[PDB]
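Throughout, residue positions are numbered sequentially from 1 according to the sequence presented. Read the numbers this way: they start at 1 and go in the same order the structure lists the ligands and their atoms.
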Amino acid sequence: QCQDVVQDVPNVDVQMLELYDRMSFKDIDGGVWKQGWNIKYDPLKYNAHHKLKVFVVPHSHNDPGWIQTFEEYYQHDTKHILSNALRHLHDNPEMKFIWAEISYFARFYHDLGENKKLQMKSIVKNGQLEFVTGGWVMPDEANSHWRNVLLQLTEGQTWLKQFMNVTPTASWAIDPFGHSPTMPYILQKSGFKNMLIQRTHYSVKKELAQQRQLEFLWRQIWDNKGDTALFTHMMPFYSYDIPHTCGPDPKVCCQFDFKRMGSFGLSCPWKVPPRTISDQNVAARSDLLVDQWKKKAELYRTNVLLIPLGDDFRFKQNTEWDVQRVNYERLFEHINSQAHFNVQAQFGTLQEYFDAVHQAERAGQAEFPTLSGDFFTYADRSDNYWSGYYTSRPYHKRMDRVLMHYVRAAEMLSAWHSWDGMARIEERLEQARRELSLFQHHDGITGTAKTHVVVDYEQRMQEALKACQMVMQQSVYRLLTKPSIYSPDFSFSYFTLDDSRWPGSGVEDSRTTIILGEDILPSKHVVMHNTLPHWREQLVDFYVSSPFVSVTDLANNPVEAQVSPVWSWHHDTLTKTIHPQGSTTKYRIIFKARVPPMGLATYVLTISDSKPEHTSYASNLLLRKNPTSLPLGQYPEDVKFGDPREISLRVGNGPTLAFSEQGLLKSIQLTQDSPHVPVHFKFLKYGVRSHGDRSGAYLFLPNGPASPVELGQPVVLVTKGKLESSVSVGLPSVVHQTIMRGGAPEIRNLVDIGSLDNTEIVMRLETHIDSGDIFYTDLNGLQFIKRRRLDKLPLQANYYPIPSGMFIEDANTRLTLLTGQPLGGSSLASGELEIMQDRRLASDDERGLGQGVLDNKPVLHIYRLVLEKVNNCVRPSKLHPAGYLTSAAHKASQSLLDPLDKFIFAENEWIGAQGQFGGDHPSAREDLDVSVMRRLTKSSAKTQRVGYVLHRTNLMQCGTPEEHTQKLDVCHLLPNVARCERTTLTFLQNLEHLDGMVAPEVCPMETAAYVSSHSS
Ligand SMILES: OC[C@H]1N/C(=N\O)[C@H](O)[C@@H](O)[C@@H]1O
Ligand SMILES: [Zn+2]
């Protein structure tokens, strides 16, 4: 029934890994088309019975923040563009315009009076103004998680359906810096039929152009059948601006950008200005233009040609609308009337272009090639590879993943009930979804905006996190309070969230201490939420005011706990060391929480006068020369000291880890009987070129391979406990921690690059895995793609996005590094993995930002490190372009991206408290996730509707016998179901009415959406 995504290598015309292996990448001067060749065409190709149909598509690229904030651009530019578009399109029925960024459109439309709204709806309904993609933004494709790509698409398309009564089926992505197959994956499952991309490596444009493979059916790398395919048009030239969209010669094309004649402060750098079209010059000008068009048409298979007409924040001034429209109308009138050209040219929209292309295809005029793979890493020229932005502004990249999870948890927790309008749940969820969606912009999460714009995005995300916490905590109070006692005030804070890893220790002291005492408050309720649809255990930690605390569940069963000190690291300018200080006023308590699928579990923390029976205390060892005491307030175990030395640790039955005298992992032993496998962490630094092009927010242009960070004699802190042990070391710019809880370790790096200008800090893992030139990285948290290090490409070209994980393997051993934040990384030699931590760059990199990256702030990066024997696993063949995680690595990724949420009850007594919610929820197979649960209706709706997005990943079979699991039917999660429908992933179109109101589970690597309707 399901396609096998492991064992069948798809047969495609172009497979991007294979193409890379064969391509030359030489950067030769191609003439006027600098990165191509001098295109030749047969004038006799087009004739009376076979004309070239040309669609000139006006557009305006509007960045939702970049060098100005969203609101600054809206006020200065976009409100004028949209206001003038409305007027000019209304007045000029043949003029056309496409619009991509619904965040700006919604911002505009809600300032419009009813008359103008009506006018706007009319120009949409008549096809003059066409929305393309219809997402809130045009998202980055490298760093974004697929869940947030879907979130932002749904936010914009839901707005469009509600207010404009349209749903785009053509996508326009002219600016993300490289392109991912996650986009056609999501688009094709959201009703799309066509997409367009632009920023692909110049060598790839030349290669595909030569073969007329710029239009292709883009399928997923594992897709044998081709049911994922989406028609894709890649534009052939260096930019989406007018000089690079009319044809191969920008000196000619620039003369047809009528905004460049002087009064607009634009000119043509090729030194020939546009000239106003007149009767005396129209034949000559038409000749030049048609020649460019016919050359462009040579690169494509049909007689239908797409000519975008636009640039950044274009179509602003009334005079600009006039100058472009009138001059092009004069060219069209001449060209279309002169038979010798055999051209019919008109303003069009993107959908009109694709419709005409497919008519030609249906007429047998063309067949299109099939393609799989991705389009990373982009270079726009020479060796300028855009791998810098995989890491730029990493604090905000990590914040993206935190907010991603909190949006999911807030929508899920609140979905279980209908809420009175006074609760403001819808309002707060809309704000949170919109701020996270905005950040998916290709100058948001990418870290390529001006400093003040990064600040605006951070403030917006901070407000979104507060909104999520508010919704979550009201939801928990309702889900766990006896209904006849439940007495909400929708403004009150019943719980506060406690998050151990954001912003993180040494980033912000934001964590509340639970204050208990015999004379004040003996105990405190805490509640964990588990957004995943299976039972889950995870260690959780809280700060408490006494070491003498015991844990119980709400049946009053003792729960084993471990108390540890609260350690913070400080740069001691007196001693010039980085060393830990122990709190004397608070302590950490850790215990295993067990939480139902998509559910809640309540525990109680109680103080006592002496060591509790079921609470243990960690030992602590500080390794350094010249130690000084470390008192720990009331903590019962004395800190030990020693000179630096190698150490080994083992928690539970888990691996045994060995560390160097500098506190860095050196080996992992999986079992008592097994070998100590070399796995060495190392920190290195890249610099910047003194001569030649400089690294900046976009570009990574290292001055050679990385050099090891000089570590000196760092202070190492070892904490050894029954439930959790750790080794932490204060290195220059990084406090590096390895945490062991009895499985794959967790790594945390508190990265503070300080004032180290022109430095990029990298964390490398060195092993003996015989990986050669192969490694695997993920795309948007959705899939893992095989990469091959190519020595024909420079180091920065071998860097790829690491949005959630990467791995190397040989026949017997795999090492997988999972990340809690998108960063850039590579495997630059056999057996190595490396991932960039932060970068601080003093120069601009000539891509328009006009600043370096000098606004770094401490960030806590999190990882899981999974070493596994893989000789028994059924893996794809050598020729397959995908790889797949094991169960342990997938669960490890889930532990980083969707951890248990922790709530602390905010007052002394919670009357009517309950022990659990969701005990009856089905515990689904481990590869299945409920990516989204969202109530789609407000409380006054007679028929309530709840939408679910189900994703099943594909995990490697390695001989672990599959256990019993329960079928998950999302349509029966809420009572009184009246209908279950399969829908597009945006929930906007019903695709199947489901028998028995049962939502089937999905196939490996597939994602489906369902909407259940309930009588209320
Ligand atoms: O050079 C790339 C840069 N330049 C742009 N226009 O000049 C893009 O709109 C912006 O999103 C991008 O970051
Ligand atoms: Zn842009």
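An angle of 110° is found at the Zn ion (ligand 2) between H61 atom NE2 and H442 atom NE2, rounded to 10°.
Remark: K79 is not positioned above the aromatic ring of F108, lacking an NZ or CZ atom under 6.0 angstrom from the ring centre and at most 45 degrees off the axis. Under the 6.0 Å distance and 45° angle rule, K189 counts as a cation-pi partner of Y185.
Ring pair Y698/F177: centre-to-centre distance below 6.0 Å. Aromatic pair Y74/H80: ring centres not closer than 6.0 Å. Taking the six-membered ring where the residue is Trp, the centroids of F105 and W159 are separated by under 6.0 Å. Taking the six-membered ring wherever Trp is involved, the centroid distance between the rings of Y73 and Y104 does not fall below 6.0 Å.
No other N/O/S atom of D175 lies as close to the Zn ion (ligand 2) as OD2 does.
Protein residues having a heavy atom under 4.0 Å from any atom of ligand 1 are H61, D63, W66, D175, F177, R199, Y240, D312, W386, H442, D443, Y698, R847, listed by chain and number.
Not one N, O or S atom of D312 sits under 2.8 Å from the Zn ion (ligand 2). Taking backbone and side-chain atoms together, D63 has an N/O/S atom less than 2.8 Å away from the Zn ion (ligand 2). Residue contacts to the Zn ion (ligand 2): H441 brings no N, O or S atom closer than 2.8 Å.
Ring planes of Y328 and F347: tilted class, angle from 30 to 60°. Ring pair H88/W321 is parallel by interplanar angle, where below 30° counts as parallel and above 60° as perpendicular.
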